[PDB]
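Heads up: the structure comes next, in structure tokens.
Cβ placement follows ideal geometry from the backbone for every residue including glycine, while neighbour counts extend to all protein chains displayed. All of this is worked out from the model, or read from it or from the source named; none is laboratory data.
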There are 2 protein chains.
Amino acid sequence: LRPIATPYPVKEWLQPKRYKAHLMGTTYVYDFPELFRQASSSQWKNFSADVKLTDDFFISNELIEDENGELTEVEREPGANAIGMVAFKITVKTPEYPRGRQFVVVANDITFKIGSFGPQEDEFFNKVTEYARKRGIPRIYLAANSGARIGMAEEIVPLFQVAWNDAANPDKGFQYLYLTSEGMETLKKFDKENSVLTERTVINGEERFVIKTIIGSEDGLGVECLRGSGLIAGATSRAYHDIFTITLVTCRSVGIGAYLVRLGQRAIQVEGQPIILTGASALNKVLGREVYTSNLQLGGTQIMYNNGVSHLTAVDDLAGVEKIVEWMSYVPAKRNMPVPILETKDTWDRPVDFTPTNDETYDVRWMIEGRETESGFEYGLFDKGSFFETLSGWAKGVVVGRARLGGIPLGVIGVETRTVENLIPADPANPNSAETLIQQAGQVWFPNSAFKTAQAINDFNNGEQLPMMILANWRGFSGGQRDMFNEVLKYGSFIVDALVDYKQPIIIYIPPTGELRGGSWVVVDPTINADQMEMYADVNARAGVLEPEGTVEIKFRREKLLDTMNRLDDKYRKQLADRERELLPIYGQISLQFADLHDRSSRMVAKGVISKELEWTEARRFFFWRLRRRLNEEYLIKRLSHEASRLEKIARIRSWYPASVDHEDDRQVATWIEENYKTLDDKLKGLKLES
Amino acid sequence: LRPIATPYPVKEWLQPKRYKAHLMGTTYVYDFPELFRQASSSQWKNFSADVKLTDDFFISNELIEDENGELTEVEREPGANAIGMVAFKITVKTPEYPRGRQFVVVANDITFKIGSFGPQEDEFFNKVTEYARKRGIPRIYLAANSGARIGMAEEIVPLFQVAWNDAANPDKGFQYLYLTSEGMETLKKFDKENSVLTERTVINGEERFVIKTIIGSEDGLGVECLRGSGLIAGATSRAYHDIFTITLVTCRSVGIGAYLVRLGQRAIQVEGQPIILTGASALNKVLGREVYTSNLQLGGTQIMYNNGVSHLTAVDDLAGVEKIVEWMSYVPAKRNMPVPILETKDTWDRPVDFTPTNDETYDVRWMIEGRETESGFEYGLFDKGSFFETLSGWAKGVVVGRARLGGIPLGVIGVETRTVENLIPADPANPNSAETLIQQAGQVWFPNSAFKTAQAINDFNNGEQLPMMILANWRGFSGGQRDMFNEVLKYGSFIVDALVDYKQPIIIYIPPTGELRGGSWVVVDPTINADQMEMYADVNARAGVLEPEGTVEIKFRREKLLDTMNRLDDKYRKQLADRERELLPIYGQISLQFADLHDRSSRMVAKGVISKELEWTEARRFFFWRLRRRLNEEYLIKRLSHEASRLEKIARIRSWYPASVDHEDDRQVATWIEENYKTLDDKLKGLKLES
Ligand SMILES: Cc1cc(C(=O)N2CCC3(CC2)CN(C(=O)OC(C)(C)C)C3)cc2cn[nH]c12
Ligand SMILES: Cc1cc(C(=O)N2CCC3(CC2)CN(C(=O)OC(C)(C)C)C3)cc2cn[nH]c12
């Protein structure tokens, strides 16, 4: 025992495995539920400081497989795990779910066989994933591993013989490896008969049993670990489309561990903990040369957070847990449950303070969450303090995160107007490679920002099951050679595919000072998914096939300009070229304003390509009731689905509204539905007996 | 008329639009059905030279919208199209479908308003896509366009007035644009009243109608073209998952046209025809400098074929059509129809001649399709002349194409063992940018090859609805810094996602000289999709978590080596370090062979991670009956699905087999099912009345 004379018992001594985990730079597996309790408790303090919490607000039960291989809840002492994979079912009362919400936490035990994945770990992880999926509850994975378990048939090591070319000279080589009849008998004695595949021969009176295949008696040596790896890869891929999946990389994550991080999609990387495929030393051995210095050079946050593999970084394990808990606060308690409403001090009924200007540079986050000024706080479109940005280290041209609109959680996509630089590090394997700095213009989709946009759309849809708002402000895609070669078309197409798959309401809003041109409009038009999408343009937004300069270049040419001087200029109506030379600068501007007068929200309304033109200051009030109304109608459409189109379903639901309700008034419709949920339920139940 | 005195009529004069299309370097739209007839006729000649074709073997009917907007077949003279989008329903008797197969061909008319997409073109394209989808038939798109239609309100051009700052000095600027009461009256006269949005004011007795928004009387000017663009983007995204989709880029393809190429996925690019987003000239205007020289520098085959955007290139339009027709020959006639069997001279019953060797370099295509040698033709695994390679210009480390196995069409994925170089061109926008040459090791998945593998899997599954074979031979993924930074994990994960979605039989086969290690095995294990996947290893293949060198480094260390000399070496059993120094080279090799003896197909069978170990020479005979048996059982499983698991369904089907049939004999099972299809149908019909 060390240290001696401590006020309370030494936990690292009571359970020596706690100390091993600490030595390896991570939280001991059985101490993670405590971090969840701490993080959950902080969630309450930051929400309502006055709240009194008892310990019944949080329950953690370890899940273990029974005799029949069925998962069951147990209360046992930490460190009694027979396998290197552990799980807990957590029930927590949270501000969003005061009566309680559940989730499963699966974790590798880094103290058990270096946190390697053997077949039993692989089968348990899969069983826990299925348990979560069946229940529709979130699956949190805590990665601290060494990848697939590696081994050799240790019993064949002290028994094998080598059939030398020349017994006297071993350096002359060998023909094969074999067993003596004494060796075979050792195996027959210990029942490990099937540990080898032998072909018997006779060489100089001696009977040799030639080793044709070494199998081993111990399970978890090779290909059986790889089968399990593939099994848990498939399971995680499936879970991502079914439940909320998140991973915290808490110590290193290797091989299958790295793939699991990615297949679960949403990931938080603790600083200094690498996500690697093959270690740096092994790569150097393969390369001959000493190319790489460390594993963090390969999979640190400097790589993975900049890649977009890691959605967020965390200073330590508790910060990682706090981030999980915060992310979860926007997510339904279980699959197909409503999005968790959480109204705070910042209510729906207020105008939007922060307003962008054409003449002044801004951070889109100010339009989202507001900004601190010397003269007080300027409120943005969403609730103060509700913006939770993710994928912040990658493709910084698009801003993605979760927010709240009068308590309603949703995913937000905004456009960074400022030029963005990214540093491509120098390739250690190429001596003629130097670090490159890429600069990307604002309001233009590039391969990385198009990929991030599509990724965001998918991560909001799958598991999170959230509505979304896109503050659409793009000039188009980078049409240049480098970006065309870097497959900008491929990533742009993923955006369309993500919108087609979207199952919750979408609001596309061209904000003030915002634009949407040819290429950018195509990829975000509400006709991509009419069932879920609707578009709105601010009165101070612009949209058209080309930018005005482009339109004038194709349709307001010199002949048309001169015919305009020959109409508007008295003096003009070699004596001409002197007049032309003085008028062209202003007559250029006149055509440029003529083109711009077509690019207005009023044209968009006239042509019926947008639902409404809006005033930025009044957007929060409008979107709160439009979103609330939309969630209520969507609920009614889902209930009716228990064989008709959406158009027929919504017509039927709206035929139930009193004759006096204006179908175009969002507040009235939302208010009526909420006042009549049980009445509407009775109606629905009456229709069920009619099918 | 020119030329004069030709033997037959001058078609380019009879229809002047034919000449315009030719001048622009493309086939005239109405002449494409003829290219399909020519290509289809060649298909027959290359199959059976003796066949006699009449003109009834091929029918092409133009599809046009009727009064109610419903598509109908018409016989009219070319060039009578009121819109710039045309379609044909083609019915062709082919070697695979001698009684006929159908498909729709949609094409832009480059002679109609430069092949721009206006709302009517967008609505027609969408109607044709829906027509194809409803019928389950392939949709061929021929791209020859200028993107979304651009325009201005031409009627407001001769009427607008400018409200100058100083009437005498125009160069001093202006305040707004306006209309006179005479201008307003011109609009009122021609009914174009709603062409402008005006706000009336009085300035110096004069009544000015200030232009607040220019709308226009003509449809197809701006945002209405963008709405249609998004509509056809969504439709194509959807079609790709539903029917066989292919695009031939026959003249330039711009903006929405470029996205359509990509959303349809499968594309053939005619040499010299660019796929661009923004033209080179417009980019230069935006850039200030003269950065780009041509549109082919941005979207030529040098870009798109090297990207993998273009699956194939074609010398001219007929070569493009021939490639469509050849690709289609592997595809079912309509959605959910069986894969088209086409038995040729090269029958199933033969061994595989071409065999790879460890000591000798080979082209994987020889293992696939065979090779010509001086001593005659060495047959490969698949039918002679059946390999149709696609994505040949991109990520040349993986070989992807369609082939036939005794007539059965399937998708093939093979590993290029040779080192692959690719040339990244120099960025014209960066003066400090020089062309880079990347070299990639064989048998290693890199970001591009992992992406190509996933892409291949998806393109075989969607629309093509084919079974697949992967000749799995990878050491793993590139774990190095450059490839980790270039998101190798992301692309590796797409492989898993593609396999999870696979709906047809899959065969994973580790070939002779082939390997599958830690990282590579995870992503292709049959437990990712147990319902469709099965794995096989050649007797001369290897598999384990690490390569032998890796295994020895972790589990056969110095203490273990010395304990082996202290057991096997009489002389060994400062007098030691001299012995150690002489024995370590051979004792290294002994441990290296000890590790390798675990990496065998016999271990794979023992541990039950593979279905069977195989002999390469006998693989064609085995896979032909295994695949045939699998297609028959899959058919029966689909019929039974008209509420149980797959395991229950296949148990039921196999309970119908006579007691004497061996469920493990593929040939016997396939033979019995094919002899009893109608008998099994009767059984199925009897069960229907029991639900
Ligand atoms: C002057 C002018 C403009 C546009 C237009 O509408 N653009 C918007 C889309 C872009 C291109 C200009 C901006 N994007 C771009 O790559 O910008 C980078 C900053 C290079 C990354 C593509 C069309 C035309 C046609 N003729 N003259 C035009
Ligand atoms: C010697 C040795 C080998 C392996 C092994 O199994 N590898 C297979 C997978 C690779 C890495 C070596 C090959 N890949 C690679 O990047 O190869 C490039 C050519 C660089 C592109 C990753 C593991 C270990 C562990 N200790 N010592 C090892």
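Would you be able to say whether some residue in the stretch A:424-439 is among the hydrophobic types (A, V, I, L, M, F, W, C) and under 16 Å from A:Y362 (Cα atoms)? Looking through the stretch A:424-439, none of the residues is among the hydrophobic types (A, V, I, L, M, F, W, C) and under 16 Å from A:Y362 (Cα atoms). Set side by side, the residues A:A595, A:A543 differ, and just one is within 13 Å of ligand 1 (Cβ to nearest atom), within 19 Å of B:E155 (Cβ to Cβ) and hydrophobic (A, V, I, L, M, F, W, C), which is A:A595. Scanning the stretch A:472-488 for residues that are more than 22 Å from A:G411 (Cα to Cα) and more than 11 Å from ligand 1 (Cβ to nearest atom) turns up A:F485, A:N486, A:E487. Taken together, the criteria place A:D578 among residues that are more than 10 Å from chain B (Cβ to nearest Cβ), more than 16 Å from ligand 1 (Cβ to nearest atom) and over 24 Å from A:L516 (Cα atoms). Going through (1) within 8 Å of another protein chain (Cβ to nearest Cβ); (2) within 16 Å of ligand 2 (Cβ to nearest atom); (3) of a type in the set (K, R) one by one, B:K490 falls short only on (2).
Set side by side, the residues A:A258, A:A267 differ, and just one is within 15 Å of A:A144 (Cα to Cα), aliphatic (A, V, I, L, M), within 15 Å of ligand 2 (Cβ to nearest atom) and out of contact with any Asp or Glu (no Cβ under 9 Å at 6 or more places or on another chain), which is A:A258. Residue count for the stretch B:493-508 satisfying the condition of being at the interface with chain A (Cβ under 7 Å from one of its Cβ atoms), of a type outside the set (V, I, T) and buried (at least 20 other Cβ atoms within 10 Å of the Cβ): 1. In this structure, does A:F117 turn out to be surrounded by 22 or more Cβ atoms within 10 Å (Cβ to Cβ), more than 15 Å from A:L260 (Cβ to Cβ) and not basic (K, R)? When the stated conditions are applied, A:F117 does not pass them.
For (1) within 16 Å of ligand 2 (Cβ to nearest atom); (2) within 18 Å of the chain's Cα centre (by Cα); (3) of a type in the set (A, V, I, L, M, F, W, C), each residue gets a yes or a no:
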{"position": "B:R262", "(1), (2), (3)": "no, yes, no"}
{"position": "B:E271", "(1), (2), (3)": "no, no, no"}
{"position": "B:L277", "(1), (2), (3)": "no, no, yes"}
{"position": "B:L283", "(1), (2), (3)": "no, no, yes"}
{"position": "B:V286", "(1), (2), (3)": "no, no, yes"}
{"position": "B:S294", "(1), (2), (3)": "no, no, no"}
{"position": "B:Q297", "(1), (2), (3)": "no, no, no"}
{"position": "B:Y305", "(1), (2), (3)": "no, yes, no"}
{"position": "B:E322", "(1), (2), (3)": "no, yes, no"}
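Scanning the stretch B:595-617 for residues that are away from chain A (no Cβ under 14 Å), in contact with a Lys or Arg (Cβ under 6 Å, 6 or more places away or on another chain) and more than 18 Å from B:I508 (Cβ to Cβ) turns up nothing. When B:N529, B:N461 are checked against the criterion of being closer than 26 Å to B:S645 by Cβ, within 13 Å of chain A (Cβ to nearest Cβ) and away from ligand 2 (no atom under 16 Å from the Cβ), a single residue qualifies: B:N529. Hey, does the stretch B:548-562 have a residue that's assigned by CATH to the domain that holds B:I408, away from ligand 1 (no atom under 16 Å from the Cβ), of a type in the set (D, E, K, R) and not in a helix (DSSP H, G or I)? Yes, the stretch B:548-562 has at least one match.
In this entry, B:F485 is excluded by the filter for residues that are touching a strand residue (DSSP E or B) at 6+ places or on another chain (Cβ under 7 Å) and among the hydrophobic types (A, V, I, L, M, F, W, C).
As a summary of the residue check, B:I90 satisfies the conditions (1) of a type in the set (V, I, T); (2) in contact with a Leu (Cβ under 9 Å, 6 or more places away or on another chain); (3) surrounded by 13 or more Cβ atoms within 10 Å (Cβ to Cβ) except for the one numbered (2).
Residues in the stretch B:555-591 that are within 12 Å of ligand 2 (Cβ to nearest atom) and exposed (fewer than 15 other Cβ atoms within 10 Å of the Cβ): B:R557 alone.
Does B:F88 satisfy the condition of being within 23 Å of B:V128 (Cβ to Cβ) and touching a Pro at 6+ places or on another chain (Cβ under 6 Å)? Spelling it out, B:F88 is indeed within 23 Å of B:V128 (Cβ to Cβ) and touching a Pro at 6+ places or on another chain (Cβ under 6 Å).
When the residues of the stretch B:194-223 are filtered to those that are buried (at least 23 other Cβ atoms within 10 Å of the Cβ) and within 16 Å of B:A148 (Cα to Cα), the one that is farthest from the other protein chains (Cβ to nearest Cβ) is B:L221. Would it be correct to say that A:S392 is part of a loop (DSSP other than H, G, I, E, B) and surrounded by 20 or more Cβ atoms within 10 Å (Cβ to Cβ)? Here the answer is no, as A:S392 does not meet what is asked. You will find that of A:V364, A:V420, A:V444, the residue that is within 16 Å of ligand 1 (Cβ to nearest atom) and within 22 Å of A:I507 (Cα to Cα) is A:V444 and no other. Annotation: of all residues in the stretch B:637-681 being part of a loop (DSSP other than H, G, I, E, B) and among the hydrophobic types (A, V, I, L, M, F, W, C), the one that is nearest to B:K612 (Cα to Cα) is B:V661. From the list A:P511, A:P467, the one residue that fits, being over 25 Å from B:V309 (Cα atoms), buried (at least 20 other Cβ atoms within 10 Å of the Cβ) and touching an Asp or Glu at 6+ places or on another chain (Cβ under 8 Å), is A:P511.
Scanning the stretch B:557-616 for residues that are of a type in the set (D, E) and touching a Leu at 6+ places or on another chain (Cβ under 8 Å) gives B:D569, B:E580.
Applying the criterion of being of a type in the set (G, A, S) and not in a strand (DSSP E or B) to the residues of the stretch B:310-320, the residue that is farthest from the chain's Cα centre (by Cα) is B:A319. Of the strands (runs of 3 or more DSSP E) entirely within the stretch B:198-309, those holding at least 2 residues that are more than 16 Å from ligand 1 (Cβ to nearest atom) and over 30 Å from A:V539 (Cβ atoms) occupy B:245-249, B:266-270. Residue pairs whose Cβ atoms lie under 7 Å apart, sitting 6 or more positions apart in sequence or on different chains, and linking a residue in the stretch B:420-440 that is more than 20 Å from A:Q440 (Cα to Cα) and within 10 Å of chain A (Cβ to nearest Cβ) to a partner that is more than 16 Å from ligand 2 (Cβ to nearest atom) and assigned to a strand (DSSP E or B), are B:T436/B:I424; B:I438/B:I424. Please indicate, with yes or no, whether at least one residue in the stretch A:324-333 is within 14 Å of chain B (Cβ to nearest Cβ), more than 18 Å from A:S253 (Cβ to Cβ), among the aliphatic types (A, V, I, L, M) and not in a strand (DSSP E or B). No, the stretch A:324-333 has no match at all.
Every residue, every condition in (1) more than 8 Å from chain A (Cβ to nearest Cβ); (2) more than 19 Å from A:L546 (Cβ to Cβ), yes or no:
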site: B:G234; (1), (2): no, yes
site: B:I243; (1), (2): yes, yes
site: B:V254; (1), (2): yes, no
site: B:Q269; (1), (2): yes, yes
site: B:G272; (1), (2): yes, yes
site: B:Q297; (1), (2): no, yes
site: B:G300; (1), (2): yes, yes
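Is it true that B:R227 is crowded, with 17+ Cβ neighbours inside 10 Å and more than 9 Å from chain A (Cβ to nearest Cβ)? Taking the combined requirement at face value, the residue does not satisfy it. Within the stretch A:548-583, being small (G, A, S) and over 25 Å from B:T278 (Cα atoms) holds for one residue alone: A:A577.
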